[PDB]
Amino acid sequence: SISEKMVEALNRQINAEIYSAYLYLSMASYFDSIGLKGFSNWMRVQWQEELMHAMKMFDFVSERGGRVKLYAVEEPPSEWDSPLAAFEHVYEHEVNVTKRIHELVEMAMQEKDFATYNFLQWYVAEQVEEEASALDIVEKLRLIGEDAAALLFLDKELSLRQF
Amino acid sequence: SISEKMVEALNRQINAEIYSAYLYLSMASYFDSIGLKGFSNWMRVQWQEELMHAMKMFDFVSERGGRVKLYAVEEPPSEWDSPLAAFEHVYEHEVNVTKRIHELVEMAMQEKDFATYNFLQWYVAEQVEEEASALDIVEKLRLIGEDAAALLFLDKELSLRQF
Amino acid sequence: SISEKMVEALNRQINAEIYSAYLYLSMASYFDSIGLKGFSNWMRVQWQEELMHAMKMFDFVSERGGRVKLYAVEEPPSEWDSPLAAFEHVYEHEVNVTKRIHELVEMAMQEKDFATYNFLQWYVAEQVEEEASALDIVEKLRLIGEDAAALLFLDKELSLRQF
Amino acid sequence: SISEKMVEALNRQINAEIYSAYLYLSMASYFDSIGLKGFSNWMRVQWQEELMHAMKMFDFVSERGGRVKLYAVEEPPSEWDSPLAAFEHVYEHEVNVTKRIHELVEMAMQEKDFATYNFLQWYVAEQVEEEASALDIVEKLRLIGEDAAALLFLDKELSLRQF
Amino acid sequence: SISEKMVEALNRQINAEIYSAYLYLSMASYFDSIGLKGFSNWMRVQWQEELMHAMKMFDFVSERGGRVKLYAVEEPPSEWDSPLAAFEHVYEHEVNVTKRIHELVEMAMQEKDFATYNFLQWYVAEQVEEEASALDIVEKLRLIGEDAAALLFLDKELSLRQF
Amino acid sequence: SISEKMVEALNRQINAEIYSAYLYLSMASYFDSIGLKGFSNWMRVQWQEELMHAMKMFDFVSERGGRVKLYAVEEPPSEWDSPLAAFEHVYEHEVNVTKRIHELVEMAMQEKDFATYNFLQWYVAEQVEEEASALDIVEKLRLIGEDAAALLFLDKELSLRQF
Amino acid sequence: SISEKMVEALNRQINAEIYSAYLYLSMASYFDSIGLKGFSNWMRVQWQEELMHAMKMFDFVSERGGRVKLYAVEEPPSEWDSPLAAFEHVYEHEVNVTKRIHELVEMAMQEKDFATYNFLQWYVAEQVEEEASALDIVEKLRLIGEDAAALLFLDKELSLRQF
């Protein structure tokens, strides 16, 4: 069934997804440090969601008879210049994750691994949803600029996100 | 306000709890590879529990006005000789975690960080329950030996664990 | 049995807790005087909570067979430069109360008064939470600066606090 | 627009009500010391009641656009010859609070502060109730003499009072 | 893993806790024999509570991987001079138990047995509560003296205690 | 009228019932140390049952106007070669208890103590029930031999027993 | 077949049981006269209880194919020196009934009337209970002496008894 090369690639993507979760956890600490618990909540939910994406893939590898190997998770950045900068990095990060998925889809096609190709379609669609969510918040923060009231208000809205 | 030195030691312990979670996730992969989905379930719940313990500490540091910094997570082992060998490593690992907590407690004492000392007591108590759970499973696996019926029976019982 | 030295120290701490309550009542009057009834509500809740903490210690002294003696409660300050100034004084005061508890813990240890030592751990944890709550509000007030939409927004949030 | 002289008198009465509370809290310590936890209960409810009366006047001053100023609270007595003697002092003290209320009412009339005059009528009526309640208990304690079954029966009755 | 010396000390305490229960069962027989079934009820509940306290420590030793060793439970007194004398002996006994706990806690500190030290804090606090309850009753009985109405009244109250 | 000789004999049997409880508590420790928490549960339940049986006789002696004297409870064995050997010992112990009841009954007969004779009939029936349960478990363990799967299956079954 | 001899003995015992009821009714009249309606209530319930005991033996004689013959019921005593004396007489009377029962049982064994022997065991047990309830009240009445608050308190408790 699934090739060793695809197993390795999927295992790297599991690592990338776990790293994503960890990056967002780092941002949650950043937001706590400046008193934005609502923004921190957003990140904490996001951390939970990425772990869930990693586990879906973890399960898939094992389902195809492959063996998941776990790799080191790199230390993430820990400081941003502002909420706006944090969210622009979220967007940029998710654009890169989308590129990784894109390459995995290409690789499945090239290998005629139809099961993995089909499985990755969920991630193609999920990445669209993620980039859009980040971009929407980036747009708002650009509008907000240095307006404290507007920031505190968005913080309250973000505190409502749940897992 | 929590001291810099204690913030560093607690950020280290957060990393150790995350690593513990990750080690158990790796064990989950090992158990999947040998078709023991119940044992795998046990490890997946344990992975979620360790992440909860890490977040509790994460929150405590931030609450005392400290800054949580996330560090690289070590690549865990991925192979064990047997179910019994895996759970013996769970036990050994937890004993080591208990020792790190011990040294954390001693450090809070020596610095008269009464808040952290009191906070850590929850972890001291938690480590007792963790070692005992792992040891009870080790005890059963030694009894089981090569008894395939006994092994699958335990597997099924472990499958019932929830988070 | 509980020493007279300890009874006296605990009676002084009971006074300090009643004074803390009184200080927050005074800040309540101050926030009422500038049209911030939400901040005032937060203070009125805090005054009730401090009296509960005092009563808890009142009961313990009696329970250990000691006699509670009540002392004069000093007149507290009644004016602050700004809402931010007030909450910075809240934080500074709570830091001071944490110091008192710290020295009570030390005294309990010195005297090998294990029951008092243990009783005081509740206050060690409670002080962590109180500092954290005051610190959060200070963080937001710094962020708020002069933005009235922001102040009134915070005022409204604080008005939802209940005892 | 409330008078400054009336703001001062009312602030003075707020202090007297808080002192009353404090007097009763001290009697609660006294009753605990001689093992009468029911009598202690009665005083603790009474301490809560007096604080409530204080708060009602605190809000009225602020509602009238006055500025509540908090003053030092006197150290109360802490020992009484007997339960009977304690409640005779409660009665005596209440008669004296009633005198102050009376002088505040006269003052309100004199200054034609109709709003304060009307507000103070609640306190006029309330004092009738408090004097009556203390006197009824004095009456019982005189009947009781040294009959221990009778004291403990009253103690049990008092322990049922709720705030 | 818990040290052999500590296992021994904890086993001795388990025996002390079981003897305590047994002492109260004996007191229960004494109260039955003088028509004080309410008092007997109080003792029977206490016998149940002490065994529950023993069992918690029994469980803790086992969980730390120690082996509980059970020792003979000594023969308690079967007669007291009066209800007051029985309860004075309850108090005196609980003070002795408290000293045992105190020495156990010191031993834990000295051995740097943080898990046990922490476990014992629950017993530290439980003893405070127990001594207070006993003293309360002792104080009542001193007051009651030879007053049969008061004795029967207290008997009725004690008959309401439940486990 | 209950003879002193019968009161003494019943007191000795009350003691034997408590020893039984204590013996099962010791087996509970044994079963814990070898990983069989289910067998331990059975013992824990049995220990509570024996105390209840003891309390019933405790109450009957008091009821007949006797005075229950509690005697030292001797130290029980603490170790066995195997689960089977432990349960063979349970059976052997219950047979011995049965002969003690038998002797008590013969004694009641000889003294024409009809009330005691009647009362003991409950114990004669209960012994039948208790011997049979122990025997059924002994039969299963003989069947089980060294079969680990069968042993763990019994253990889970025994874990469901409740008090 | 139940002997004519046993039928007669049983009929005389039915008479004895109806007489017991009548004695207690007479005591009800006594307590009513001295204003103790709670004590009277206990007696009336006892009258009902004894009639029921009589009826069970009435039904048994008929069930064995015997013929119940009713005999005259004697006039009972109507006066006692005090509540304590009445209750001492309750006790003494029950001891006498217990001796009747004891002799009926001996008669049953002697005649090898196993059915009657077995039936009587209910009465052996019941007499134990009756003696115990009477004795507990006697013990309380000794305690009470001339204490009126005490006697009236007992009176109140007894008023709660129901059929």
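Lettering follows sequence order; numbering is per chain, from 1.
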Would you call F:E49-F:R161 a salt bridge at under 4.0 Å N-O?
yes
From CA spacing to verdict: salt bridge (charged side-chain N to carboxylate O under 4.0 Å, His left out), G:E88, G:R142
CA-CA 10 Å; G:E88 292 179 320; G:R142 299 195 108 114; 3.5 Å; yes
Report, in residue-number order, which members of residues 96-105 of chain G are under 4.5 Å from chain F by heavy-atom distance.
G:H102, G:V105
Determine which residues belonging to residues 108-128 of chain G lie within contact range of chain F, meaning some heavy atom pair is under 4.5 Å apart, and list them by number or answer 'none'.
G:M109, G:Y117, G:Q121, G:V124, G:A125, G:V128
Between atom CG of G:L25 and atom CD1 of G:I18, what is the distance when rounded to the nearest 0.5 Å?
13.0 Å
Gap between atom CH2 of G:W47 and atom CZ of G:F163 - 0.5 Å precision
11.0 Å
Who pairs with G:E79 by side-chain contact (heavy atoms from CB on, under 4.5 Å), at least two apart in sequence or on another chain?
G:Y30
Taken in chain and number order and not counting sequence neighbours, the residues that satisfy side-chain contact (heavy atoms from CB on, under 4.5 Å) with F:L158 are F:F39, F:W42, F:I137, F:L154
G:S40 versus G:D32, side-chain donor and acceptor atoms under 3.5 Å:
yes
Which of F:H93, F:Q46, F:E130, F:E94 passes side-chain hydrogen bond (donor to acceptor under 3.5 Å, both in side chains) with F:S20? It is F:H93
When you measure from the centre of the six-membered ring of G:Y71, is the NZ or CZ of G:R12 closer than 6.0 Å and no more than 45° off the axis?
yes
